[PDB]
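A short write-up of the structure that comes next.
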Amino acid sequence: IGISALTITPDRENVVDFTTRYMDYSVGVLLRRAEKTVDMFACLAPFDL
Amino acid sequence: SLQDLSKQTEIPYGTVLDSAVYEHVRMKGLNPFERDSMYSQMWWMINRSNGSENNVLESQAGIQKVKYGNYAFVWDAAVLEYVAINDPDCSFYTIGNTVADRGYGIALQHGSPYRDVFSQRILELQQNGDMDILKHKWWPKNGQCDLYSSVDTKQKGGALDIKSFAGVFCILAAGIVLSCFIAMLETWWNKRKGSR
Amino acid sequence: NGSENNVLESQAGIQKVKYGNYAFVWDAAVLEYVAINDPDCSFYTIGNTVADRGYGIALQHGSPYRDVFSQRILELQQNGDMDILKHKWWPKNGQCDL
Amino acid sequence: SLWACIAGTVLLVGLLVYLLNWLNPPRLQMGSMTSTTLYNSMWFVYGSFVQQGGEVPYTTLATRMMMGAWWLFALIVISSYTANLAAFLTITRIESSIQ
Amino acid sequence: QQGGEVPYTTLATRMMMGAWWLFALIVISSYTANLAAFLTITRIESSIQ
């Protein structure tokens, strides 16, 4: 038996006989959240402190 | 979305060299008979300087280059989510496409006898829904922070409001305070000046 | 003669960047060290995924001890113990968003 | 709500000025149009805020400073109003790209 | 914005003057704001490439 994040691909189905899949494979992207833009002194910020 | 990632070019993105995802993008981008052209753009993000420019060598690198830097990383979504949930700052968030047909499955030797029994039982465990209870063990339903909201903007009409403006009201309140205290201290010292 | 826009030393290049209309090319590790240990964050630096090279110990050819230090370096790397001595000079939460 | 806060501010400021000038009146001519008549005091505290009203005669240091601060508050308010209007006008262009 | 001591004591006059003053101060703000936007539209977004 062999088991991991193993993905069914046709070129491998030529030498090993995968079972029915137990979950779908999905491509994703990682990002960093936008922090926060508002502060109490934004009306004074046009001049340096 | 990945479309909205692929349209812009002001944040660069890439993937680990010779990975399955790398060769899958290379395959998609070169095929002119492809229906969705997006990959043929993304490849020109990934191929830059013959593929030396935006690609990291090892899978730990990209996570840090993202967190400490101006980059994005393309990998297995079910892994990226498992990092994103467990970043202690909840500073990550992650997005991904509804790919299908390809999927995870147990391998077997050629002509092994087990194949039918397992293929039956995996289906029966999916129809029970047990494969969800045995899955919410690992990607839990919700944490302290939402999985995907990049910012809870609340601003939509662009107006100013009391909470954002009141820093100016503090200036007037300070003026009222100081001027009143000046009046009070003058009126008290009028007990002691000897002239008024 | 390869000499006019080139510079006598790495310090000469760094200073010609900070105090002049110039840019300087050097080991990206050193240039990020300069860029973060420059307290102004006045520099920034950029580079490439150069490959097939790395900083290493060299020994007498045929040394009987090469394998011991190679083993201990592989221990220090695969444990991550090297990461402490790297962070000692390149901390990840650096001052400057280069 | 912010329009309401702005509108309500002036009546407080004018009341405070009226009371302070009543309690410490100037050593000047009584009962003139510059004196502590309430409606004139409010009219001054309004007309100064819109820039229009011209100079305000009150001499006593506390209310003098108070009006100097009311002025320096107002000058920010106009700038904020103009700035955010210009922002709204520069923004409002894009949604026809819904496709 | 040339001010002056507008002489009137009556409520109706002062009300009318307040209305006119506020009208003027909104108008000048609108003019300046739209002129700002009109100039800010200056971009090479016009290029066809």
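FYI, nothing fancy with the structure tokens labels: chains A, B, ... in order, residues from 1 per chain, ligands from 1 as they appear.
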inquiry  = Please list as a list in words every residue within 6 Å of residue 29 (chain A), counting only C-alpha atoms and excluding residues in the same chain fewer than 3 positions away.
reply    =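 The neighbour list is residues 73, 74, 94, 95 and 96 of chain B.
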request  = Please report as a VMD selection string which residues of chain A come no farther than 6 Å from chain B, using only C-alpha atoms.
outcome  = chain A and resid 1 to 3 6 to 8 16 to 34 40
Any chance you could export the current selection's N, CA, C and O atoms as a compact mmCIF listing (two decimals), in the first residue's frame?
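And here is the file that came out, selection05.txt:
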```txt
# COMPACT_ATOMS: atom_id res chain seq x y z
N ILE A 1 0.87 -1.17 0.00
CA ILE A 1 0.00 0.00 0.00
C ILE A 1 0.91 1.22 0.00
O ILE A 1 2.02 1.19 0.54
N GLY A 2 0.43 2.30 -0.61
CA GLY A 2 1.12 3.57 -0.56
C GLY A 2 0.17 4.74 -0.39
O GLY A 2 -0.86 4.79 -1.06
N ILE A 3 0.50 5.67 0.50
CA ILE A 3 -0.46 6.68 0.92
C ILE A 3 0.29 7.92 1.38
O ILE A 3 1.28 7.83 2.12
N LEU A 6 -0.73 11.85 -2.29
CA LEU A 6 -0.46 11.31 -3.62
C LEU A 6 -1.59 11.68 -4.58
O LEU A 6 -2.77 11.55 -4.24
N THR A 7 -1.23 12.14 -5.77
CA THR A 7 -2.21 12.65 -6.73
C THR A 7 -2.34 11.66 -7.88
O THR A 7 -1.33 11.21 -8.43
N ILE A 8 -3.58 11.32 -8.23
CA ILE A 8 -3.84 10.53 -9.43
C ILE A 8 -3.43 11.33 -10.65
O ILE A 8 -4.02 12.38 -10.95
N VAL A 16 0.62 1.65 -11.50
CA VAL A 16 -0.07 1.40 -10.24
C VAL A 16 -1.55 1.71 -10.42
O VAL A 16 -1.93 2.60 -11.19
N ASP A 17 -2.39 0.96 -9.71
CA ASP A 17 -3.84 0.96 -9.93
C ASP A 17 -4.53 1.66 -8.75
O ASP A 17 -4.98 1.02 -7.80
N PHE A 18 -4.60 2.99 -8.82
CA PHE A 18 -5.17 3.78 -7.74
C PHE A 18 -6.60 3.35 -7.44
O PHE A 18 -7.33 2.88 -8.32
N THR A 19 -7.00 3.51 -6.18
CA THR A 19 -8.41 3.38 -5.82
C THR A 19 -9.20 4.59 -6.32
O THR A 19 -8.64 5.55 -6.87
N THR A 20 -10.51 4.54 -6.13
CA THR A 20 -11.32 5.75 -6.16
C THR A 20 -10.76 6.80 -5.20
O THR A 20 -10.29 6.48 -4.11
N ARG A 21 -10.82 8.06 -5.62
CA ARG A 21 -10.28 9.15 -4.82
C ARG A 21 -11.15 9.43 -3.60
O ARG A 21 -12.37 9.28 -3.63
N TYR A 22 -10.50 9.82 -2.50
CA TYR A 22 -11.19 10.20 -1.27
C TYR A 22 -11.35 11.70 -1.10
O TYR A 22 -12.12 12.13 -0.23
N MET A 23 -10.65 12.52 -1.89
CA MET A 23 -10.79 13.97 -1.81
C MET A 23 -10.23 14.59 -3.08
O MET A 23 -9.35 14.03 -3.73
N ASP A 24 -10.76 15.77 -3.42
CA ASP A 24 -10.34 16.50 -4.61
C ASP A 24 -9.06 17.30 -4.37
O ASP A 24 -8.76 17.73 -3.25
N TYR A 25 -8.32 17.51 -5.46
CA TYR A 25 -7.07 18.26 -5.46
C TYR A 25 -7.34 19.68 -5.94
O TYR A 25 -8.01 19.87 -6.97
N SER A 26 -6.83 20.68 -5.22
CA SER A 26 -7.12 22.07 -5.52
C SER A 26 -5.86 22.91 -5.37
O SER A 26 -5.13 22.77 -4.39
N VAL A 27 -5.61 23.78 -6.36
CA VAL A 27 -4.50 24.72 -6.34
C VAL A 27 -4.93 26.01 -5.64
O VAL A 27 -6.05 26.50 -5.87
N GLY A 28 -4.06 26.56 -4.80
CA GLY A 28 -4.39 27.75 -4.04
C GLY A 28 -3.22 28.70 -3.95
O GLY A 28 -2.10 28.39 -4.37
N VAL A 29 -3.50 29.88 -3.39
CA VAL A 29 -2.53 30.97 -3.28
C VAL A 29 -2.59 31.55 -1.88
O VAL A 29 -3.67 31.68 -1.30
N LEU A 30 -1.42 31.90 -1.33
CA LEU A 30 -1.29 32.46 0.01
C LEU A 30 -0.99 33.95 -0.07
O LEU A 30 -0.18 34.39 -0.90
N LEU A 31 -1.64 34.74 0.79
CA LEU A 31 -1.45 36.18 0.82
C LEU A 31 -1.44 36.67 2.27
O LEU A 31 -1.82 35.95 3.19
N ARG A 32 -0.99 37.91 2.45
CA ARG A 32 -1.02 38.61 3.73
C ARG A 32 -2.16 39.62 3.78
O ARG A 32 -2.33 40.42 2.85
N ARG A 33 -2.93 39.58 4.87
CA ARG A 33 -4.08 40.46 5.05
C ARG A 33 -3.66 41.93 5.05
O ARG A 33 -2.50 42.28 5.29
N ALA A 34 -4.63 42.81 4.77
CA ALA A 34 -4.40 44.21 4.45
C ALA A 34 -4.19 45.11 5.68
O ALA A 34 -4.31 46.33 5.55
N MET A 40 -7.06 57.39 14.44
CA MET A 40 -7.70 58.56 15.03
C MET A 40 -7.04 59.88 14.63
O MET A 40 -7.71 60.92 14.65
```
query = So which residues touch residue 86 (chain C) within 12 Å, counting only C-alpha atoms, skipping near sequence neighbours fewer than 5 positions away, as an MDAnalysis selection string?
reply = chainID C and resid 29 33 76:77 80:81 91:92
Select residues of chain C: the criterion is any atom within 8 Å of an atom of chain B, counting only C-alpha atoms; output as a PDB file with N, CA, C and O atoms, in the first residue's frame.
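This is the output file iface_1.pdb:
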```pdb
ATOM      1  N   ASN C  48      19.262  37.637  -7.248  1.00  0.00           N
ATOM      2  CA  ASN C  48      18.861  36.510  -8.075  1.00  0.00           C
ATOM      3  C   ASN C  48      19.144  35.215  -7.326  1.00  0.00           C
ATOM      4  O   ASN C  48      20.015  35.159  -6.454  1.00  0.00           O
ATOM      5  N   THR C  49      18.394  34.170  -7.682  1.00  0.00           N
ATOM      6  CA  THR C  49      18.570  32.827  -7.126  1.00  0.00           C
ATOM      7  C   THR C  49      19.767  32.135  -7.784  1.00  0.00           C
ATOM      8  O   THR C  49      19.642  31.182  -8.557  1.00  0.00           O
ATOM      9  N   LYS C  92      15.152  38.024  10.754  1.00  0.00           N
ATOM     10  CA  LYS C  92      14.085  38.060   9.758  1.00  0.00           C
ATOM     11  C   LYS C  92      13.173  39.267   9.947  1.00  0.00           C
ATOM     12  O   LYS C  92      12.699  39.852   8.966  1.00  0.00           O
ATOM     13  N   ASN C  93      12.917  39.656  11.196  1.00  0.00           N
ATOM     14  CA  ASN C  93      12.174  40.880  11.497  1.00  0.00           C
ATOM     15  C   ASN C  93      13.086  42.108  11.416  1.00  0.00           C
ATOM     16  O   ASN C  93      13.272  42.856  12.376  1.00  0.00           O
ATOM     17  N   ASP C  97      11.970  47.517   5.277  1.00  0.00           N
ATOM     18  CA  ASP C  97      11.236  46.866   4.192  1.00  0.00           C
ATOM     19  C   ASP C  97      11.940  47.166   2.869  1.00  0.00           C
ATOM     20  O   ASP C  97      11.557  48.054   2.103  1.00  0.00           O
TER      21      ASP C  97
END
```
For the interface of chain D with chain E (cut-off 12 Å, counting only C-alpha atoms), please tabulate each contacting residue of chain D alongside its nearest pair of atoms and their separation in Å to one decimal, rows sorted by chain and increasing number, as JSON lines.
```
{"residue": "D:33", "atom": "CA", "partner": "E:9", "partner_atom": "CA", "distance": 9.7}
{"residue": "D:37", "atom": "CA", "partner": "E:9", "partner_atom": "CA", "distance": 11.9}
{"residue": "D:39", "atom": "CA", "partner": "E:11", "partner_atom": "CA", "distance": 9.6}
{"residue": "D:40", "atom": "CA", "partner": "E:9", "partner_atom": "CA", "distance": 8.6}
{"residue": "D:42", "atom": "CA", "partner": "E:14", "partner_atom": "CA", "distance": 11.4}
{"residue": "D:43", "atom": "CA", "partner": "E:14", "partner_atom": "CA", "distance": 8.2}
{"residue": "D:44", "atom": "CA", "partner": "E:5", "partner_atom": "CA", "distance": 10.9}
{"residue": "D:46", "atom": "CA", "partner": "E:18", "partner_atom": "CA", "distance": 8.7}
{"residue": "D:47", "atom": "CA", "partner": "E:18", "partner_atom": "CA", "distance": 7.8}
{"residue": "D:48", "atom": "CA", "partner": "E:3", "partner_atom": "CA", "distance": 10.3}
{"residue": "D:49", "atom": "CA", "partner": "E:22", "partner_atom": "CA", "distance": 10.6}
{"residue": "D:50", "atom": "CA", "partner": "E:21", "partner_atom": "CA", "distance": 7.2}
{"residue": "D:51", "atom": "CA", "partner": "E:1", "partner_atom": "CA", "distance": 7.8}
{"residue": "D:52", "atom": "CA", "partner": "E:3", "partner_atom": "CA", "distance": 5.1}
{"residue": "D:53", "atom": "CA", "partner": "E:3", "partner_atom": "CA", "distance": 6.5}
{"residue": "D:54", "atom": "CA", "partner": "E:4", "partner_atom": "CA", "distance": 6.3}
{"residue": "D:55", "atom": "CA", "partner": "E:5", "partner_atom": "CA", "distance": 8.9}
{"residue": "D:56", "atom": "CA", "partner": "E:5", "partner_atom": "CA", "distance": 10.7}
{"residue": "D:77", "atom": "CA", "partner": "E:29", "partner_atom": "CA", "distance": 11.8}
{"residue": "D:78", "atom": "CA", "partner": "E:29", "partner_atom": "CA", "distance": 8.3}
{"residue": "D:79", "atom": "CA", "partner": "E:29", "partner_atom": "CA", "distance": 9.1}
{"residue": "D:80", "atom": "CA", "partner": "E:29", "partner_atom": "CA", "distance": 10.4}
{"residue": "D:81", "atom": "CA", "partner": "E:29", "partner_atom": "CA", "distance": 7.8}
{"residue": "D:82", "atom": "CA", "partner": "E:29", "partner_atom": "CA", "distance": 5.4}
{"residue": "D:83", "atom": "CA", "partner": "E:33", "partner_atom": "CA", "distance": 7.2}
{"residue": "D:84", "atom": "CA", "partner": "E:33", "partner_atom": "CA", "distance": 8.7}
{"residue": "D:85", "atom": "CA", "partner": "E:33", "partner_atom": "CA", "distance": 6.2}
{"residue": "D:86", "atom": "CA", "partner": "E:33", "partner_atom": "CA", "distance": 4.4}
{"residue": "D:87", "atom": "CA", "partner": "E:37", "partner_atom": "CA", "distance": 7.8}
{"residue": "D:88", "atom": "CA", "partner": "E:37", "partner_atom": "CA", "distance": 9.1}
{"residue": "D:89", "atom": "CA", "partner": "E:37", "partner_atom": "CA", "distance": 6.3}
{"residue": "D:90", "atom": "CA", "partner": "E:37", "partner_atom": "CA", "distance": 5.1}
{"residue": "D:91", "atom": "CA", "partner": "E:37", "partner_atom": "CA", "distance": 8.9}
{"residue": "D:92", "atom": "CA", "partner": "E:37", "partner_atom": "CA", "distance": 10.3}
{"residue": "D:93", "atom": "CA", "partner": "E:41", "partner_atom": "CA", "distance": 10.7}
```
message = For a quick check of understanding, using only C-alpha atoms, which of D:4, D:41, D:76, D:63 has the smallest distance to residue 44 (chain A)?
response =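 Once distances to residue 44 (chain A) are computed over only C-alpha atoms, the minimum belongs to D:76.
Using only C-alpha atoms, the smallest distance between any of D:96, D:17, D:45, D:73 and chain A comes from D:73.
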message = Among chain C, which ones does DSSP assign to helix (DSSP H, G or I) (computed from the backbone)? Answer as a ChimeraX atom specification.
response = /C:10-18,28-37,66-79,81-87
